[PDB]
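**Q** All letters in the first sequence, in the order written, are residues 10 to 245, 247 to 335 by the entry's author numbering. Yeah, the Cβ is synthetic: ideal placement off N, Cα and C, and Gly gets one too. The structure that follows is given in the form of C-alpha cells.
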Amino acid sequence: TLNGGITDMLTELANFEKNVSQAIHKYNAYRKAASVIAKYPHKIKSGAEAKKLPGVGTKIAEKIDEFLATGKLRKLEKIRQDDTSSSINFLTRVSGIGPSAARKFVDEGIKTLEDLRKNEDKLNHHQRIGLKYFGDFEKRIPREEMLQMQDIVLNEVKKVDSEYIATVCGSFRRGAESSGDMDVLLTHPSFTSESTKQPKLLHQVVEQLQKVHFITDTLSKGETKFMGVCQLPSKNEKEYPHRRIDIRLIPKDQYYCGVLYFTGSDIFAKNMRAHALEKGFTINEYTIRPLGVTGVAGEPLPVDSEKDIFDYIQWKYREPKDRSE
DNA sequence: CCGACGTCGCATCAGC
DNA sequence: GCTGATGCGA
DNA sequence: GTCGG
Ligand SMILES: Nc1ccn([C@H]2C[C@H](O)[C@@H](COP(=O)(O)NP(=O)(O)OP(=O)(O)O)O2)c(=O)n1
Ligand SMILES: [Mg+2]
Ligand SMILES: [Mg+2]
Ligand code: NA
Ligand code: NA
C-alpha cells in the first residue's frame, strides 16, 4: 500500500514489455524496481529519492516524477488506448497463451474471449483448458479453502504410499491470507539424486487424485512436474471454482533446495540466485554448487535446511513470511 | 558504452 | 531422437 | 531498463 501507485505503475509497465514488446529483461528490470520500492520504508517523494535505490535508474526516476506530480503517466495512457497492445496484453492472461501466440492471434484478428472460443480449433490442449476456466483462474483462493485442499491432497498421497511426503509450498507457505493457486512439493525415498528405483511416482499420485475427481484437467505432465486443474467438492451450495494446481516431485535428498525454490517469492528467488552468482555459487531447485573460475559448476555442497543455503551466500535467514519480495 | 540479466520443466521445432 | 532452441510456465 | 565493473 505504501508506494502502491508507483509499484502498480511499474508492474503495468512491466507486463507491457513482457507481453507486447517481448523484452523480458525490461520486464525483469521493472519488476525488480517495483520490488526494491515495495521494501523501501519511506513514502517516495521524488525521482531523485528513488534513483538512489538499486534497480532504479534515470528512466524510472523520471516516470516516478511524472506520476508523483500528475497522478498518472502518459506512456500508460497511450498504451491503454492501443487496441493492439490491450488485446495482446489481455490474451496473454489465458494460460497457454504468451506474448508470441497472443500476437499471432491479434495478427489474425482474434482478440476477444469470444474470438478465442469460435477459434478453438487453433488452440492446443493447454490453451483450450486455460480458456475454459479463465474466469475461475482469475479468482484468488481463500486460505480456508487451501487448507481444505491440503487435507485432501495430503490424504490421497498417504493412500498411494505412506512414505510419500507432501508439502504445500508457494504463497501458502508464506502465510498469505489468500493465494493464486496450490503448489505441492512431493518426495519419496525411492527417488533421490543417486537413483530412481521406482517408476511413475508422480504418475500414481496424479491418477489417485484423478480417480477421486480432485484433479479435473491436465495442462502438462512429466516425470517430475505436473501442471493441472483441481476443484474442491462442494456439497450441493454453489460449486467452488476450479483452481490451478502444480505438483513438483523433487529428489528427497534435495528437499531443502526444492522447498526453497517452490516457496518463493519468484522475485525473491531471482534476487537470491543473482546474489549467489556474486559469490561464485549457483542455485536451482535441486542443488547449490560452487562456480569454478571456468564457469563450470562444481559438486553439490551439503545442505540440511533452507538456512544452510542462506549461510553459504552470507544472507540472514528469512522465514517464508518475509520472502514475499 | 556494451552486455548480461535466476534456473529450471514440459511441449514442440529446426537441424542433423 | 539427439542437441539446442523457442514458447510458456513454475 | 539497470548496472556491472
Ligand atoms: N518465474 C518464477 C515463477 C515461480 N517461481 C517459484 C516461486 C513461486 O512462489 C513458486 C510457485 O509459483 P506460483 O504459484 O506462480 N506463485 P506463488 O505461489 O508465489 O504465488 P501465487 O500467485 O500462486 O499465490 O514457483 C520462480 O522461482 N520463478
Ligand atoms: Mg502458487
Ligand atoms: Mg503455481
Ligand atoms: Na540506482
Ligand atoms: Na499466459
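#1: Pick out the complete beta strand (DSSP E) segments inside the region 163-230, 3 residues or longer, and give them in chain order.
#2: For residue 234, does the three-state DSSP call read helix, strand or coil?
#3: Just curious, the alpha helix (DSSP H) that residue 254 is in, first and last residue?
#4: Apart from the five residues on each side of it in sequence, which residues of its chain come closer than 6 angstroms, Cβ to Cβ, to residue 145?
#5: Would you mind reading off the limits of the beta strand (DSSP E) that contains residue 293?
#6: With residue 299 as the anchor, note down where its beta strand (DSSP E) starts and where it stops.
#7: Is residue 307 near ligand 1, with its Cβ less than 6 angstroms from a heavy atom?
#8: Excluding the 5 residues flanking residue 32 on each side, which residues of the same chain have their C-beta closer than 8 angstroms to its C-beta?
#9: Taking C-beta to C-beta, are residue 175 and residue 169 nearer than 7 angstroms?
#10: Taking the C-alpha atoms as reference points, what is the distance between residue 292 and residue 328?
#11: Within its chain, find whatever has a CB closer than 7 angstroms to the CB of residue 97; leave out the 5 residues flanking it on each side and keep chain order.
#12: Quick check on the burial criterion: 16 or more other C-beta atoms within 10 angstroms. Buried or exposed for residue 330?
#13: Between which residues of its own chain and residue 236 is the CB-CB distance below 6 angstroms, once the five residues before and five after are set aside?
#14: Note down the Cα distance separating residue 244 from residue 290, rounded to an integer number of angstroms.
#15: Helix, strand or coil: which one does DSSP assign to residue 108?
#16: Quick check on the contact list: which residues have their beta carbon closer than 7 angstroms to a heavy atom of ligand 4?
#17: Beta carbon of residue 256: closer than 6 angstroms to some heavy atom of ligand 3?
#18: DSSP three-state call for residue 323: helix, strand or coil?
#19: Counting only runs of 3+ residues fully inside the region 23-84, write out the beta strand (DSSP E) ranges in chain order.
#20: Leaving out the 5 sequence neighbours to the left and right, which residues in its chain are closer than 8 angstroms to residue 224 when beta-carbon positions are compared?
#21: Cutting at 7 angstroms between CB atoms, please list the residues of its own chain near residue 157, excluding the five before and the five after it.
#22: Given the structure, does residue 276 come close to ligand 1, in the sense that its CB is under 6 angstroms from one of the ligand's heavy atoms?
#23: Give every residue of the same chain whose Cβ lies closer than 7 angstroms to the Cβ of residue 74, excluding the five residues on either side of it in the sequence, and list them in chain order.
#24: Would you call the CB atoms of residue 43 and residue 16 closer than 7 angstroms?
#25: Three or more beta-carbon pairs under 8 angstroms between the region 256-265 and the region 189-201, yes or no?
#26: Within a Cβ cutoff of 7 angstroms, which residues of the same chain sit near residue 63, ignoring the five residues on either side of it in sequence?
#27: Any heavy atom of ligand 5 closer than 6 angstroms to the beta-carbon of residue 93?
#28: Looking at residue 333: is its Cβ nearer than 7 angstroms to the Cβ of residue 275?
#29: Mapping the DSSP letters down to three states, classify residue 119 as helix, strand or coil.
#30: Is the region 101-111 touching the region 82-90, taking contact as three or more C-beta pairs under 8 angstroms?
#31: Relative to the C-alpha of residue 50, which residue among 76, 36, 208 and 13 is closest?
#32: Output the distance between the C-alpha atoms of residue 130 and residue 163, rounded to the nearest integer angstrom.
**A** Taking the coordinates as given:
#1: The region 163-230 contains these whole beta strand (DSSP E) runs: 174-178, 191-196 and 224-230.
#2: Residue 234: strand per DSSP, three-state reduction.
#3: Unbroken run through residue 254 is the beta strand (DSSP E), 253-259; no alpha helix (DSSP H).
#4: If the five residues before and after residue 145 are omitted, its C-beta is found closer than 6 angstroms to the C-beta atoms of 251 and 252, all from its own chain and listed in chain order.
#5: Note, residue 293: beta strand (DSSP E), 291-293.
#6: Counting along the chain, the beta strand (DSSP E) containing residue 299 begins and ends at 298-300.
#7: Not a single heavy atom of ligand 1 lies less than 6 angstroms from the C-beta of residue 307.
#8: 26.
#9: At least 7 angstroms separates the beta-carbon of residue 175 from that of residue 169.
#10: One C-alpha to the other measures close to 19 angstroms.
#11: Residues of the same chain with a CB within less than 7 angstroms of the CB of residue 97, apart from the 5 flanking positions on each side, are 28, 29, 111, 112 and 115 in chain order.
#12: Looking at its Cβ environment, which holds 16 or more other Cβ atoms inside 10 Å, residue 330 is buried.
#13: Around residue 236: 228, 229 and 256.
#14: When rounded, the separation of the alpha-carbon atoms in residue 244 and residue 290 is 54 angstroms.
#15: Residue state, collapsed to three classes: helix.
#16: In chain order, the hits are 60, 61, 62, 63, 64, 65 and 66.
#17: The answer is yes for residue 256.
#18: Three-state DSSP puts residue 323 in coil, outside helix and strand.
#19: Entirely contained in the region 23-84, not one beta strand (DSSP E) run reaches 3 residues.
#20: Apart from the 5 residues on each side of it in sequence, residue 224 sits with its Cβ closer than 8 angstroms to the Cβ of 215, 218, 237, 238, 239 and 255 in its chain, given in chain order.
#21: Here the set comprises 241.
#22: The beta carbon of residue 276 sits closer than 6 angstroms to at least one heavy atom of ligand 1.
#23: Around residue 74: 55 and 56.
#24: Yes; because the gap between Cβ atoms is below 7 angstroms, this pair is in contact.
#25: As far as the Cβ criterion goes, the region 256-265 touches the region 189-201, which means the pair count is three or higher.
#26: Excluding the 5 residues flanking it on each side, residue 63 has same chain C-beta neighbours closer than 7 angstroms at 45, in chain order.
#27: Every heavy atom of ligand 5 is 6 angstroms or more from the Cβ of residue 93, so no.
#28: Against a cut-off of 7 angstroms, the Cβ pair of residue 275 and residue 333 comes out as a contact.
#29: In this structure, residue 119 counts as coil in the three-state DSSP scheme.
#30: Proximity of the region 101-111 to the region 82-90 falls short of the contact definition, fewer than three beta-carbon pairs being nearer than 8 angstroms.
#31: Cα-wise, what sits closest to residue 50 is 13.
#32: Their Cα atoms are separated by approximately 37 angstroms.
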